[PDB]
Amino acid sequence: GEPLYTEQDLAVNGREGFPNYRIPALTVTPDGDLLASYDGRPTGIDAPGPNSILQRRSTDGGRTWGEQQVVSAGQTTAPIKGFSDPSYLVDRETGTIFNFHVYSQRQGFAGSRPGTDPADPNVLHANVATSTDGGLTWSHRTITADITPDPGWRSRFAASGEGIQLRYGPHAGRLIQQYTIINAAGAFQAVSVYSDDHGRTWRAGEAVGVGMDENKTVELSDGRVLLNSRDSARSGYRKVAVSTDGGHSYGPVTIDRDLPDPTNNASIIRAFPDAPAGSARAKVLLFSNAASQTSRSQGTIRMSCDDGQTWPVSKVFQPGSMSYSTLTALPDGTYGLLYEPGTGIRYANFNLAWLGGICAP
């Protein structure tokens, strides 16, 4: 077809009320609206910065965006409070939308103490905002206690981006959002937080690996769940693991040399989310990240046609500065990409023809 690639800034540092914007999350509502979420950062810092979770909406497929609205408002005056690092998750079965994010007071990720009391200012809490009206209004919950089965887990935060809902197997319908936790020994591990009752209750699976960080999951053509993680041990590559269950546990973690990474967030999605199990279309994956091993630059999109075994196709979308990026499949068959060019947050839209591969006809 005719390749397509366009982009436009949704937030630029210093404009619209905040000196700094970071951390993208993107999704499509059941109605077809596009939602972009990110941090508004009064002091240009991660938690415990008194950050706010912001959102912009598009009702015309991404061409035009409405005004910036506040999902969770941070508090800059004592008692200081902050909300950061959003991740959207849409229950396609019920139409409910969730926005996961940090709730900080005195401590950030590294300084969080063990404990689960929402009133304790020394712990980094896990919050979830739920909307049943397409992202218009939100109800909030601190779920730290629900997702801390091991009293030794002293800190955690949802990986910003977008979570998933399983379509196949015995756990079809399950909502999965990835988190990074710090255990008693001080190791960074990955863990899936999930719900089998459409968001009523959330629970944690078994933690995996060491030297883990922000991580994402995708459902493969056979129902297996692939975990793709930032490596806090800085190997120069992404770490991967797979789950064959529900009541999540993953196998051993290994470095994937096909995916160079400078220790930064990335996104991995199903190109055809609705394809039947085992079909050719169900094996197609798209991955976005900074391909440079020395800096956050050279943003590229890679495509796999074999459940992530090989990535034969790749194209650079941003030769320069490029930190976090998230992908979502749009209703018109194209793909949305929210990323950080260094100036705030930018939205891009591309199609498969743009990726190229063969110089046909």
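Position 1 is the first residue in the sequence shown; the rest follow in order.
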Entry-level comparison of average CA B-factors, 143-151 and 76-84, reporting the higher stretch: 76-84
Residue range whose averaged C-alpha B-factor is higher in the record, 208-216 or 108-116: 108-116
Of the residues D196, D231, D245, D91, the one carrying the largest Cα B-factor as recorded: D245
C-alpha B-factor winner, where the candidates are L175, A277, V240, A266: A277
Third assignment of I301 from its chain's C-alpha B-factors: middle
For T343, the third of its chain into which the C-alpha B factor falls: highest
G49 - Cα temperature factor, lowest/middle/highest third of chain: middle
Third assignment of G95 from its chain's C-alpha B-factors: middle
Chain-relative CA temperature factor third for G161: lowest
